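Undergrad: Please see the structure below; I have some questions.
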Amino acid sequence: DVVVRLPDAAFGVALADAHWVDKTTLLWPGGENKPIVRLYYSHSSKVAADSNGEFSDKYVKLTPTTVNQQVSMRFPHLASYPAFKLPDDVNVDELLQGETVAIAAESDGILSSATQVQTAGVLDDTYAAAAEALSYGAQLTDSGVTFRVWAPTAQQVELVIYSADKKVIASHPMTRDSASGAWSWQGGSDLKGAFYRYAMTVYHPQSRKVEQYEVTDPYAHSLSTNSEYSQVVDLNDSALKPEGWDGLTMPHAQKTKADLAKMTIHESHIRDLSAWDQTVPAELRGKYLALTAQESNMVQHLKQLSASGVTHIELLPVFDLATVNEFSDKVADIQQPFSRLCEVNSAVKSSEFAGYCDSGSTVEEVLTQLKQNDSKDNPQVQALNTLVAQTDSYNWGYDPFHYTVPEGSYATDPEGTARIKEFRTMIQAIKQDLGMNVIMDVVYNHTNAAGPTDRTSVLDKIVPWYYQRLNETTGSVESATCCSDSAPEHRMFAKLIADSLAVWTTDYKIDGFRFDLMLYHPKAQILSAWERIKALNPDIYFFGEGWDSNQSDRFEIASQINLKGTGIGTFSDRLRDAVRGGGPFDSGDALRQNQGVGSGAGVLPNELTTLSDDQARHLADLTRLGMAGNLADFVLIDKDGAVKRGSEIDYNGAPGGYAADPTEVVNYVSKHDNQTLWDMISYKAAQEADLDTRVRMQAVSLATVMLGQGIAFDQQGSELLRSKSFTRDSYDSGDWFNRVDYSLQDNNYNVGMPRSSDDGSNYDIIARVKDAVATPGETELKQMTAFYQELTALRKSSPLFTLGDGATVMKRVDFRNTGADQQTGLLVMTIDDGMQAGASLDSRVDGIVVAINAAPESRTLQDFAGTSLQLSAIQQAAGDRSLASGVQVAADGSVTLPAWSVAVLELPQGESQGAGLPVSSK
Ligand SMILES: OC[C@H]1O[C@H](OC[C@H]2O[C@@H](O)[C@H](O)[C@@H](O)[C@@H]2O)[C@H](O)[C@@H](O)[C@@H]1O
Ligand SMILES: [Ca+2]
Ligand SMILES: [Ca+2]
Ligand SMILES: [Ca+2]
Ligand SMILES: [Ca+2]
């Protein structure tokens with residue numbers, strides 16, 4: 001065998017485009033048409049030509065071959081690479097212990113290329129099955145405890161035990177299982193509560209070095225402050241459970257599709273909820289336990305929302321996030337002295353705000369004073385707040401540190417197991433006292449960091465290049481998610497995800513999960529996870545969002561269309577965009593030009609828009625389709641009088657309706673990301689639309705969601721006309737811009753120009769529309785909350801609003817005021833319960849009519865003449881505070897609706913089922 005040598009820098013190892021996908025297959029474009037193709041390896045050293053310019057390291061001979069069908073299906077995106085075969089006698093385990101490098105040279109031996117090797121594929125093929133059959137983490141049983149961590153490429157792994165004061169009390173070399181590649185150590189039950197970390201000795205391809213470092217348990221179920229050490233815990237311990245925990249039941253059913261359809265979500269954040277509530281005990285503000293302060297404005301508010309129809313609370317990241325320091329002395333919040341901020345934040349101390357350091361004001365008081373002179377030319381509020389955000393307690397938390405441990409900063413005591421009971425106490429309070437189910441936001445699509453050096457890199461330190469998705473040529477961790485893209489298509493990560501969800505389900509009694517960027521997950525993986533969880537809780541609900549994956553080349557993604565008929569819900573952006581207007585990418589003038597159905601598209605144009613009546617009627621089509629569950633097979637009459645199925649209604653080049661059942665669709669017009677509903681209406685509302693009209697626009701926008709068949713979802717505060725002062729992405733904009741005032745003084749609008757880094761290009765349009773009308777005050781907030789509760793109350797007032805089954809929707813739901821002769825902005829939906837619909841689902845009525853007049857004109861409906869239509873008792877009871885205030889039902893049967901109004905009419909059921917409102921044949 002000729003000796004590979006350099007030509008007798010540009011000939012040294014470069015890139016990492018070689019892929020060791022299975023025991024005997026290596027896919028690499030470098031050895032193509034090359035005479036000498038080898039796979040060099042070194043246990044403890046780095047391959048490199050010796051001084052003699054020769055690569056005198058051990059290797060295996062690679063022979064050209066064709067990619068098998070097994071590898072082709074597993075990695076479609078690699079099926080194109082030149083395939084190479086390894087001898088069937090090579091010691092895979094031995095080579096995986098160190099560095100492997102693919103080298104190609106000419107017949108004469110001179111090197112032509114050398115590259116690092118990606119081994120995730122061979123890792124699964126070799127150890128996955130065996131490793132999948134085992135359980136991980138610090139498992140505390142009756143006989144004692146068993147620690148287990150998967151580290152198939154590590155040369156050494158030691159279990160390091162620490163005392164409460166964090167002194168090493170023992171370092172145990174673990175036992176490696178040859179079949180699985182997992183390491184374990186069994187001890188006595190006295191290790192309960194002990195802190196620990198795994199001391200790793202493993203080769204990391206990014207640094208090309210056998211690293212030595214201690215890492216927390218990715219299966220950690222308890223942690224020390226700021227997640228520095230994992231901790232042994234038995235979640236079953238009654239000491240970690242609030243009184244009566246085991247008997248906690250779901251206040252709302254989620255068994256049948258009809259049950260699921262009634263879901264009405266309120267997306268909340270732990271600090272957003274209580275950070276500003278002075279009626280919440282000071283020590284609980286921004287904490288899980290704030291939910292237990294029954295006499296506070298916040299809790300009382302949520303209680304009333306629940307009583308009125310809100311069924312679920314969805315929590316932004318409450319798993320262990322990385323972007324908030326849990327050591328209180330390293331943190332400074334706006335309610336504290338500016339002097340504290342200067343001592344914990346050196347950036348502030350060296351800024352133009354340094355002069356406030358020895359002042360006697362709180363940061364909050366300083367921010368308040370900076371408001372008067374704040375403008376697009378002097379955005380001083382955000383300037384100061386941007387420095388504040390670096391060391392405060394605020395962050396949405398979409399930055400996974402540990403997937404199966406509650407976040408520590410939201411606990412009154414972040415050290416050890418304490419947070420576990422506090423978290424459960426909150427869950428119990430929400431379900432038992434507030435009467436709402438709980439949904440958790442999960443972020444398995446990425447990790448906070450990767451590599452062998454970052455503090456928050458956990459998974460990529462233990463099994464390098466396995467848990468992260470890498471670029472096919474460079475080996476670099478991709479960041480399409482934002483951060484460190486994970487690899488759910490890899491078996492052991494899929495298992496980690498499922499095992500994690502099992503704990504949140506069983507041990508924390510979470511009722512549902514919302515997957516962040518779910519389309520970055522293989523459809524097969526999401527479904528497998530659901531199958532495993534349904535075994536634990538048959539009624540658990542899974543849903544997610546995203547819509548910009550780009551991973552189709554690697555596997556079938558969990559997208560809106562691919563999930564059709566699976567029962568997995570997905571946020572629908574169809575009705576969202578049609579009602580809000582425009583899209584998430586809009587900036588500058590487009591923000592004002594792109595009005596939506598909820599802001600007067602076509603019927604009440606602002607001075608910049610160019611929207612045509614046809615474009616406005618198209619949005620109405622998307623809106624009606626959404627109110628009917630955004631079904632692919634739902635039949636309606638479009639803006640041109642044409643008979644169309646939901647899938648035929650275009651949505652920016654994609655088929656609008658995609659679902660099989662309304663329970664697979666989550667409608668919404670506001671969410672944590674992107675501008676709040678109120679800020680969008682402020683950007684879009686015509687100058688002449690007065691304050692009272694804008695409040696009704698907010699209610700009308702929300703009416704399309706609440707009175708629709710899809711699952712209803714809304715952002716915490718929409719009922720309060722919540723504003724973020726135009727901030728589009730407020731994930732790190734602190735308490736200041738994310739403020740929700742449960743004392744009802746204002747909606748946090750106009751409290752300074754938003755962050756310049758992200759909204760700077762919008763300062764011009766903001767200054768132009770910001771002061772159009774007055775800032776909502778207590779009168780407006782109370783009026784909106786009333787409108788909001790009226791809507792949620794109407795949604796649960798009849799099972800006809802939440803049919804659940806797609807076929808049933810098609811059999812009962814229809815629309816009026818459609819076609820080319822339609823009155824723009826008037827949405828009229830009928831729901832049948834008459835003889836022709838089948839069984840009577842509502843003993844009180846034979847049918848319901850939902851009329852939403854999103855227009856500055858009064859509209860008269862003649863469709864139901866002689867039908868004896870009556871206004872809903874719920875709206876009648878609201879009198880002139882109703883969204884239906886002013887509605888009139890004449891003697892003949894015609895109905896007149898005032899501008900910007902919403903009316904729910906009904907056909908009182910007689911002695912027997914009546915004619916109802918049969919769906920018209922099309
Ligand atoms: O902290 C990281 C990241 O958090 C926030 O984004 C989270 C996800 O938000 C979705 O709306 C978006 O589609 C995804 O791509 C994001 O991962 C925050 O908005 C962002 O600025 C931060 O980088
Ligand atoms: Ca944390
Ligand atoms: Ca912050
Ligand atoms: Ca890609
Ligand atoms: Ca009936």
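We name chains A, B, ... following the order of the structure tokens; residues begin at 1 in each chain, and ligands are numbered from 1 as shown.
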Check every protein, DNA and RNA residue against ligand 3, keep those with an atom at most 10 Å away (counting only C-alpha atoms and all ligand atoms), and present them as JSON, numbers by chain.
TA: {"A": [323, 324, 325, 331, 332, 333, 385, 386, 387, 388, 389, 390, 391, 392, 393, 394, 395, 396, 397, 731, 732, 733, 734, 735]}
Undergrad: Can you write just those residues out, N, CA, C and O atoms, as an mmCIF file, in the first residue's frame?
TA:
data_model
loop_
_atom_site.group_PDB
_atom_site.id
_atom_site.type_symbol
_atom_site.label_atom_id
_atom_site.label_comp_id
_atom_site.auth_asym_id
_atom_site.auth_seq_id
_atom_site.Cartn_x
_atom_site.Cartn_y
_atom_site.Cartn_z
ATOM 1 N N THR A 323 -31.006 32.051 29.366
ATOM 2 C CA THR A 323 -30.846 33.502 29.286
ATOM 3 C C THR A 323 -31.235 34.433 30.432
ATOM 4 O O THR A 323 -31.450 35.628 30.218
ATOM 5 N N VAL A 324 -31.334 33.894 31.637
ATOM 6 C CA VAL A 324 -31.627 34.695 32.818
ATOM 7 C C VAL A 324 -30.716 34.103 33.882
ATOM 8 O O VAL A 324 -30.690 32.892 34.069
ATOM 9 N N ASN A 325 -29.934 34.942 34.548
ATOM 10 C CA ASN A 325 -29.045 34.442 35.586
ATOM 11 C C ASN A 325 -29.917 34.183 36.806
ATOM 12 O O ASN A 325 -30.669 35.065 37.235
ATOM 13 N N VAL A 331 -28.383 39.984 39.252
ATOM 14 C CA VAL A 331 -29.509 40.533 38.508
ATOM 15 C C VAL A 331 -30.031 41.851 39.079
ATOM 16 O O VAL A 331 -29.998 42.072 40.290
ATOM 17 N N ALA A 332 -30.514 42.717 38.191
ATOM 18 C CA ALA A 332 -31.079 44.002 38.576
ATOM 19 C C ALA A 332 -32.328 44.240 37.738
ATOM 20 O O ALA A 332 -32.288 44.158 36.514
ATOM 21 N N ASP A 333 -33.440 44.521 38.403
ATOM 22 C CA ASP A 333 -34.688 44.778 37.702
ATOM 23 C C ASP A 333 -35.065 46.252 37.810
ATOM 24 O O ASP A 333 -34.523 46.979 38.649
ATOM 25 N N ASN A 385 -33.116 50.887 28.263
ATOM 26 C CA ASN A 385 -33.715 49.573 28.458
ATOM 27 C C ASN A 385 -32.924 48.447 27.794
ATOM 28 O O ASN A 385 -32.932 47.317 28.278
ATOM 29 N N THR A 386 -32.242 48.750 26.693
ATOM 30 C CA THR A 386 -31.459 47.734 26.001
ATOM 31 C C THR A 386 -30.294 47.262 26.861
ATOM 32 O O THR A 386 -29.886 46.111 26.775
ATOM 33 N N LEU A 387 -29.760 48.155 27.690
ATOM 34 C CA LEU A 387 -28.659 47.803 28.578
ATOM 35 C C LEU A 387 -29.252 47.056 29.770
ATOM 36 O O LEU A 387 -28.676 46.080 30.261
ATOM 37 N N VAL A 388 -30.414 47.516 30.222
ATOM 38 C CA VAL A 388 -31.114 46.891 31.344
ATOM 39 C C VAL A 388 -31.402 45.416 31.048
ATOM 40 O O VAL A 388 -31.192 44.542 31.896
ATOM 41 N N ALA A 389 -31.880 45.154 29.835
ATOM 42 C CA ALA A 389 -32.234 43.806 29.405
ATOM 43 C C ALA A 389 -31.116 42.773 29.542
ATOM 44 O O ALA A 389 -31.386 41.574 29.653
ATOM 45 N N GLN A 390 -29.870 43.229 29.539
ATOM 46 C CA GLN A 390 -28.734 42.321 29.650
ATOM 47 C C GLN A 390 -28.633 41.633 31.009
ATOM 48 O O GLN A 390 -28.175 40.490 31.102
ATOM 49 N N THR A 391 -29.062 42.320 32.062
ATOM 50 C CA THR A 391 -28.953 41.764 33.404
ATOM 51 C C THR A 391 -30.224 41.723 34.247
ATOM 52 O O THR A 391 -30.147 41.611 35.471
ATOM 53 N N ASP A 392 -31.390 41.814 33.609
ATOM 54 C CA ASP A 392 -32.643 41.764 34.351
ATOM 55 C C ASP A 392 -33.155 40.325 34.436
ATOM 56 O O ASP A 392 -32.469 39.390 34.028
ATOM 57 N N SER A 393 -34.352 40.148 34.981
ATOM 58 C CA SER A 393 -34.934 38.814 35.116
ATOM 59 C C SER A 393 -35.849 38.472 33.943
ATOM 60 O O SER A 393 -36.556 37.458 33.973
ATOM 61 N N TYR A 394 -35.828 39.293 32.901
ATOM 62 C CA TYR A 394 -36.727 39.058 31.780
ATOM 63 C C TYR A 394 -36.218 38.422 30.486
ATOM 64 O O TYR A 394 -35.179 38.798 29.939
ATOM 65 N N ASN A 395 -36.994 37.457 29.999
ATOM 66 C CA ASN A 395 -36.721 36.778 28.737
ATOM 67 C C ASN A 395 -37.855 35.795 28.457
ATOM 68 O O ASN A 395 -38.333 35.125 29.373
ATOM 69 N N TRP A 396 -38.305 35.724 27.206
ATOM 70 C CA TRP A 396 -39.374 34.784 26.856
ATOM 71 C C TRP A 396 -38.918 33.383 27.239
ATOM 72 O O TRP A 396 -39.726 32.546 27.652
ATOM 73 N N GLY A 397 -37.623 33.130 27.070
ATOM 74 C CA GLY A 397 -37.071 31.833 27.435
ATOM 75 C C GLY A 397 -36.984 30.748 26.376
ATOM 76 O O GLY A 397 -36.902 29.565 26.711
ATOM 77 N N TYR A 731 -38.980 39.653 22.966
ATOM 78 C CA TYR A 731 -38.372 38.590 23.775
ATOM 79 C C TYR A 731 -37.373 39.013 24.855
ATOM 80 O O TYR A 731 -37.175 38.293 25.840
ATOM 81 N N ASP A 732 -36.721 40.154 24.667
ATOM 82 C CA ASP A 732 -35.740 40.609 25.642
ATOM 83 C C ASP A 732 -35.923 42.096 25.892
ATOM 84 O O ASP A 732 -34.970 42.796 26.235
ATOM 85 N N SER A 733 -37.151 42.575 25.719
ATOM 86 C CA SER A 733 -37.447 43.988 25.920
ATOM 87 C C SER A 733 -37.902 44.313 27.342
ATOM 88 O O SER A 733 -38.462 45.383 27.600
ATOM 89 N N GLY A 734 -37.659 43.370 28.253
ATOM 90 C CA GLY A 734 -37.978 43.537 29.663
ATOM 91 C C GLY A 734 -39.383 43.857 30.135
ATOM 92 O O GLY A 734 -40.347 43.833 29.370
ATOM 93 N N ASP A 735 -39.493 44.151 31.429
ATOM 94 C CA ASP A 735 -40.783 44.481 32.032
ATOM 95 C C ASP A 735 -41.403 45.720 31.404
ATOM 96 O O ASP A 735 -42.625 45.822 31.302
#
Undergrad: With only C-alpha atoms and all ligand atoms counted, collect every polymer residue having an atom within 10 Å of ligand 4; state the result as an MDAnalysis selection string.
TA: chainID A and resid 77 469:472 478 480 549:554
Undergrad: Would you save the residues from that selection as an mmCIF file, in the first residue's frame, using N, CA, C and O atoms?
TA:
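Written out: selection.cif:
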data_model
loop_
_atom_site.group_PDB
_atom_site.id
_atom_site.type_symbol
_atom_site.label_atom_id
_atom_site.label_comp_id
_atom_site.auth_asym_id
_atom_site.auth_seq_id
_atom_site.Cartn_x
_atom_site.Cartn_y
_atom_site.Cartn_z
ATOM 1 N N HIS A 77 -31.074 13.363 1.547
ATOM 2 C CA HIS A 77 -30.214 14.478 1.165
ATOM 3 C C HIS A 77 -28.756 14.101 0.913
ATOM 4 O O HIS A 77 -27.964 14.938 0.478
ATOM 5 N N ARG A 469 -28.044 19.447 14.322
ATOM 6 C CA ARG A 469 -28.108 19.231 12.880
ATOM 7 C C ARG A 469 -26.929 20.022 12.322
ATOM 8 O O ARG A 469 -26.723 21.182 12.687
ATOM 9 N N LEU A 470 -26.149 19.394 11.450
ATOM 10 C CA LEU A 470 -24.970 20.046 10.899
ATOM 11 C C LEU A 470 -25.029 20.253 9.397
ATOM 12 O O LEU A 470 -25.738 19.545 8.691
ATOM 13 N N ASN A 471 -24.275 21.237 8.920
ATOM 14 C CA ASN A 471 -24.185 21.513 7.492
ATOM 15 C C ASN A 471 -23.460 20.306 6.886
ATOM 16 O O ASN A 471 -22.465 19.831 7.440
ATOM 17 N N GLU A 472 -23.966 19.810 5.762
ATOM 18 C CA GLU A 472 -23.392 18.642 5.092
ATOM 19 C C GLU A 472 -21.937 18.747 4.637
ATOM 20 O O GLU A 472 -21.279 17.727 4.429
ATOM 21 N N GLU A 478 -26.025 24.141 12.347
ATOM 22 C CA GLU A 478 -26.915 25.063 11.659
ATOM 23 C C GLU A 478 -27.682 25.944 12.649
ATOM 24 O O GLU A 478 -27.838 25.595 13.819
ATOM 25 N N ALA A 480 -30.775 27.806 11.566
ATOM 26 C CA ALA A 480 -32.006 28.233 10.913
ATOM 27 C C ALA A 480 -33.095 28.505 11.950
ATOM 28 O O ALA A 480 -33.987 29.325 11.722
ATOM 29 N N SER A 549 -39.785 25.802 7.647
ATOM 30 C CA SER A 549 -38.799 24.735 7.839
ATOM 31 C C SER A 549 -37.605 24.646 6.885
ATOM 32 O O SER A 549 -36.480 24.992 7.260
ATOM 33 N N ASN A 550 -37.847 24.153 5.671
ATOM 34 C CA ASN A 550 -36.793 23.988 4.664
ATOM 35 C C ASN A 550 -36.037 22.668 4.879
ATOM 36 O O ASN A 550 -34.984 22.443 4.284
ATOM 37 N N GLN A 551 -36.575 21.789 5.720
ATOM 38 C CA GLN A 551 -35.911 20.516 5.985
ATOM 39 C C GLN A 551 -36.464 19.347 5.173
ATOM 40 O O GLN A 551 -36.031 18.208 5.351
ATOM 41 N N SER A 552 -37.411 19.626 4.282
ATOM 42 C CA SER A 552 -38.028 18.583 3.458
ATOM 43 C C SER A 552 -37.031 17.673 2.748
ATOM 44 O O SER A 552 -37.323 16.506 2.491
ATOM 45 N N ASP A 553 -35.860 18.205 2.420
ATOM 46 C CA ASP A 553 -34.849 17.417 1.728
ATOM 47 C C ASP A 553 -34.299 16.302 2.612
ATOM 48 O O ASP A 553 -33.805 15.289 2.111
ATOM 49 N N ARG A 554 -34.400 16.472 3.927
ATOM 50 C CA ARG A 554 -33.881 15.471 4.855
ATOM 51 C C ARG A 554 -34.899 14.448 5.352
ATOM 52 O O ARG A 554 -34.543 13.300 5.620
#
Undergrad: So that I can check the surroundings of residue 609 of chain A, please list as a list in words every protein, DNA and RNA residue that reaches within 8 Å of it, counting only C-alpha atoms and ignoring chain neighbours fewer than 3 positions away.
TA: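 Listed by chain and then number, they are residues 592, 593, 594, 595, 605 and 606 of chain A.
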Undergrad: Could you write out the selected residues, including C-alpha atoms, as a PDB file, in the first residue's frame?
TA:
ATOM      1  CA  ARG A 592     -49.902  50.812   7.592  1.00  0.00           C
ATOM      2  CA  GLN A 593     -50.786  50.058   3.970  1.00  0.00           C
ATOM      3  CA  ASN A 594     -51.670  46.420   4.596  1.00  0.00           C
ATOM      4  CA  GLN A 595     -54.992  46.786   6.422  1.00  0.00           C
ATOM      5  CA  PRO A 605     -59.045  52.845   3.931  1.00  0.00           C
ATOM      6  CA  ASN A 606     -56.255  54.853   5.505  1.00  0.00           C
TER       7      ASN A 606
END
Undergrad: May I ask you to write as a PyMOL selection string all residues lying at most 12 Å from ligand 5, with only C-alpha atoms and all ligand atoms counted?
TA: chain A and resi 798-800+831-848+906-917
Undergrad: Keeping only N, CA and C atoms, write the selected residues to a file as a CSV table (one decimal), in the first residue's frame.
TA:
chain,number,residue,atom,x,y,z
A,798,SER,N,-73.0,27.3,23.4
A,798,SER,CA,-73.6,26.3,22.5
A,798,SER,C,-72.6,25.4,21.9
A,799,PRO,N,-72.9,24.1,21.8
A,799,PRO,CA,-72.0,23.2,21.2
A,799,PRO,C,-71.9,23.4,19.7
A,800,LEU,N,-72.8,24.2,19.1
A,800,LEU,CA,-72.8,24.4,17.7
A,800,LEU,C,-71.5,25.2,17.2
A,831,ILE,N,-75.1,28.3,11.4
A,831,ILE,CA,-74.8,26.9,11.9
A,831,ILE,C,-76.1,26.2,12.1
A,832,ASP,N,-76.3,25.2,11.3
A,832,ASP,CA,-77.6,24.4,11.4
A,832,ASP,C,-77.7,23.4,12.5
A,833,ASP,N,-78.9,23.2,13.0
A,833,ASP,CA,-79.2,22.3,14.1
A,833,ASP,C,-80.6,21.8,13.8
A,834,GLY,N,-81.1,22.0,12.6
A,834,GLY,CA,-82.4,21.6,12.2
A,834,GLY,C,-82.5,20.2,11.7
A,835,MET,N,-83.6,19.7,11.4
A,835,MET,CA,-83.9,18.3,11.0
A,835,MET,C,-82.9,17.8,9.9
A,836,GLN,N,-82.6,18.7,8.9
A,836,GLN,CA,-81.6,18.3,7.9
A,836,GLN,C,-80.2,18.2,8.2
A,837,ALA,N,-79.8,18.6,9.4
A,837,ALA,CA,-78.4,18.6,9.9
A,837,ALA,C,-78.2,17.3,10.6
A,838,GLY,N,-79.2,16.6,11.1
A,838,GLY,CA,-79.1,15.4,11.8
A,838,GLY,C,-79.7,15.5,13.2
A,839,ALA,N,-78.8,15.1,14.2
A,839,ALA,CA,-79.3,15.1,15.6
A,839,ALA,C,-79.2,16.5,16.2
A,840,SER,N,-80.2,16.9,17.0
A,840,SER,CA,-80.2,18.2,17.7
A,840,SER,C,-79.1,18.2,18.8
A,841,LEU,N,-78.1,19.1,18.6
A,841,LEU,CA,-77.1,19.1,19.6
A,841,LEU,C,-77.4,20.2,20.6
A,842,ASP,N,-78.3,21.1,20.4
A,842,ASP,CA,-78.6,22.1,21.3
A,842,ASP,C,-80.1,22.2,21.5
A,843,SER,N,-80.6,21.7,22.7
A,843,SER,CA,-82.0,21.7,23.0
A,843,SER,C,-82.7,23.0,23.0
A,844,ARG,N,-82.0,24.1,23.0
A,844,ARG,CA,-82.6,25.4,23.1
A,844,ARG,C,-82.8,26.1,21.7
A,845,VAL,N,-82.0,25.7,20.7
A,845,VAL,CA,-82.1,26.4,19.4
A,845,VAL,C,-82.1,25.4,18.2
A,846,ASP,N,-82.6,25.9,17.1
A,846,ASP,CA,-82.6,25.1,15.9
A,846,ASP,C,-81.5,25.6,14.9
A,847,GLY,N,-80.8,26.7,15.3
A,847,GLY,CA,-79.8,27.2,14.5
A,847,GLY,C,-79.2,28.5,15.0
A,848,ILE,N,-78.0,28.9,14.6
A,848,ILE,CA,-77.4,30.1,15.1
A,848,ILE,C,-76.9,30.9,13.9
A,906,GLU,N,-80.3,33.6,17.2
A,906,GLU,CA,-80.7,32.2,17.3
A,906,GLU,C,-82.2,31.9,17.0
A,907,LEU,N,-82.4,30.7,16.6
A,907,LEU,CA,-83.8,30.3,16.3
A,907,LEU,C,-84.2,29.4,17.5
A,908,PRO,N,-85.1,30.0,18.3
A,908,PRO,CA,-85.6,29.2,19.5
A,908,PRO,C,-86.2,27.9,19.1
A,909,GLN,N,-85.8,26.8,19.7
A,909,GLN,CA,-86.4,25.5,19.3
A,909,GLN,C,-87.7,25.3,19.9
A,910,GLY,N,-88.7,24.8,19.1
A,910,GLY,CA,-90.0,24.6,19.6
A,910,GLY,C,-90.2,23.2,20.3
A,911,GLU,N,-91.4,22.7,20.2
A,911,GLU,CA,-91.7,21.4,20.8
A,911,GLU,C,-90.9,20.3,20.2
A,912,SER,N,-90.5,20.5,19.0
A,912,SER,CA,-89.6,19.5,18.3
A,912,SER,C,-88.6,20.3,17.4
A,913,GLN,N,-87.6,19.5,16.9
A,913,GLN,CA,-86.6,20.0,16.0
A,913,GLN,C,-87.2,20.8,14.8
A,914,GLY,N,-86.8,22.0,14.6
A,914,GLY,CA,-87.3,22.8,13.5
A,914,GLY,C,-86.6,22.7,12.2
A,915,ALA,N,-86.9,23.5,11.2
A,915,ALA,CA,-86.2,23.5,9.9
A,915,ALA,C,-84.8,24.0,10.0
A,916,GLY,N,-84.5,24.9,11.0
A,916,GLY,CA,-83.2,25.4,11.2
A,916,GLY,C,-82.6,26.2,10.0
A,917,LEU,N,-81.3,26.1,9.8
A,917,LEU,CA,-80.7,26.8,8.7
A,917,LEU,C,-79.8,25.8,7.9
Undergrad: Quick one: DSSP helix (DSSP H, G or I) residues in segment 121-266 of chain A, as an MDAnalysis selection string?
TA: chainID A and resid 121:132 189:191 225:227 238:240 245:247 257:261
Undergrad: Which is closer to ligand 1 than all the others in A:87, A:35, A:181, A:544, using only C-alpha atoms and all ligand atoms?
TA: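 When distances to ligand 1 are compared using only C-alpha atoms and all ligand atoms, the smallest one comes from A:544.
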Undergrad: Using only C-alpha atoms and all ligand atoms, find each residue with an atom at most 10 Å away from ligand 1 and format the answer as a PyMOL selection string.
TA: chain A and resi 321-323+395-400+443+445-448+479-485+516-517+545-549+584+671-674+728-732+758
Undergrad: What do you get as a VMD selection string if you pick all residues at most 10 Å from ligand 2, counting only C-alpha atoms and all ligand atoms?
TA: chain A and resid 223 to 228 318 to 327 397 399 to 402 405 to 410 414 456
Undergrad: Could you please write out, as a ChimeraX atom specification, every residue of segment 162-369 of chain A that DSSP assigns to strand (DSSP E)?
TA: /A:162,168-173,175-176,182-187,195-204,209-215,230-231,264-268,312-315,319-321
Undergrad: Counting only C-alpha atoms, what is within 12 Å of residue 534 of chain A, bar same-chain residues fewer than 3 positions away, as a list in words?
TA: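 Selected residues are residues 254, 255, 498, 501, 502, 505, 506, 511, 512, 527, 528, 529, 530, 531, 537, 538, 539, 540, 541 and 542 of chain A.
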Undergrad: Just the number, please: distance in Å from atom CA of residue 859 of chain A to atom CA of residue 816 of chain A, one decimal.
TA: 13.0 Å
Undergrad: I want to know what sits within 8 Å of residue 670 of chain A, based on only C-alpha atoms, with residues of the same chain fewer than 6 positions away left out; could you give that as a PyMOL selection string?
TA: chain A and resi 576+676-677+714-715+718
Undergrad: Please, what distance in Å, to one decimal, runs between atom CA of residue 232 of chain A and atom CA of residue 140 of chain A?
TA: 7.2 Å
Undergrad: In Å to one decimal, how far is atom CA of residue 20 of chain A from atom CA of residue 60 of chain A?
TA: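 Atom CA of residue 20 of chain A lies at a distance of 13.0 Å from atom CA of residue 60 of chain A.
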